[PDB]
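Comments concern the structure below.
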Amino acid sequence: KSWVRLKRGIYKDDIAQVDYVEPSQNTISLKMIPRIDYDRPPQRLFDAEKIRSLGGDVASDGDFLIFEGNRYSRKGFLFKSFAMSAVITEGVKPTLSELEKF
RNA sequence: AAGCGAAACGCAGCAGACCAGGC
DNA sequence: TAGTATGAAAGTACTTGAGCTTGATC
DNA sequence: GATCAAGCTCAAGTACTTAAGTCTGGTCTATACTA
Ligand SMILES: [Mg+2]
Numbered sequence: 276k277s278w279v280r281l282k283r284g285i286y287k288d289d290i291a292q293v294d295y296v297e298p299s300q301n302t303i304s305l306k307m308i309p310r311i312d313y314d315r335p336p337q338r339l340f341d342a343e344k345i346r347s348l349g350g351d352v353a354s355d356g357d358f359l360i361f362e363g364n365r366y367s368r369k370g371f372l373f374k375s376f377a378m379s380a381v382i383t384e385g386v387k388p389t390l391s392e393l394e395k396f
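Residue numbers (the authors' numbering): 276 to 315, 335 to 396.
Right under this line is the structure:
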């Protein structure tokens, strides 16, 4: 239940909460705040209803949702697997605002 | 002197080059 | 992909090596 | 009587600045990386 930051992609230098750690040592499940415009980027809370209304590449499974290139989001935050080497697990130290967000 | 129906409402800048021209 | 990252200037003032006076020595 | 050394004087460099006044108009201005 540590915190990491992605290296590539738009989520670069963004705090992510390690939700589940896969024993395979290949990818780890991470909770991010989506930096998306909803197919219409500052961090903002996920709007499943908004993305459903906008349509496009979207799959609705209640609280779970898949959109825009297999991007997964459980509840209102992206819940996606990311490579072990694509994130930094040492020297993150999130602030109180980050703790409140996650 | 006269006399009629007696609520709420005046923006904003790059900057820095280089050229031509003016007395 | 999607985004971060890589040939027609001249002047003075100051420092340097060469030559030379007076010294301390011989 | 002579010498070499210290150090003062001179002509050869180097380091550094400065180069009229104001005004108008016009164009033009990064993309490599490497994931
Ligand atoms: Mg004139």
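Just so you know, even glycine gets a beta-carbon here, dropped at the ideal spot from N, CA and C.
Could you name the residues that DSSP lists as bridge partners for residue i?
| i | result |
| --- | --- |
| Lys287 | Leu281 |
| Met378 | None, per the DSSP bridge assignment. |
| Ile303 | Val296, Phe376 |
Spatial neighbours of residue i within its chain, please: CB distance less than 6 Å, with the 5 preceding and 5 following residues excluded, ordered by chain position.
| i | result |
| --- | --- |
| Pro388 | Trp278, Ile290 |
| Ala380 | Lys282 |
Is the Cβ-Cβ distance between residue i and residue j less than 8 Å?
| i | j | result |
| --- | --- | --- |
| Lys306 | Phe371 | yes |
| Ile308 | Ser375 | no |
Please return the same chain residues whose Cβ sits closer than 7 Å to the Cβ of residue i, not counting the five positions on each side in sequence.
| i | result |
| --- | --- |
| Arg315 | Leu348 |
Can you give me the Cβ contacts of residue i inside the same chain, cut-off strictly under 8 Å, excluding the 5 residues immediately before and after it?
| i | result |
| --- | --- |
| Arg310 | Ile285, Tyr286, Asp289, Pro335, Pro336, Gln337, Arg338 |
| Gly350 | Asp314, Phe361, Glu362 |
_3 or more residues per run - each beta strand (DSSP E) lying fully within the region 345 to 374_ = 352 to 355, 358 to 361, 365 to 368
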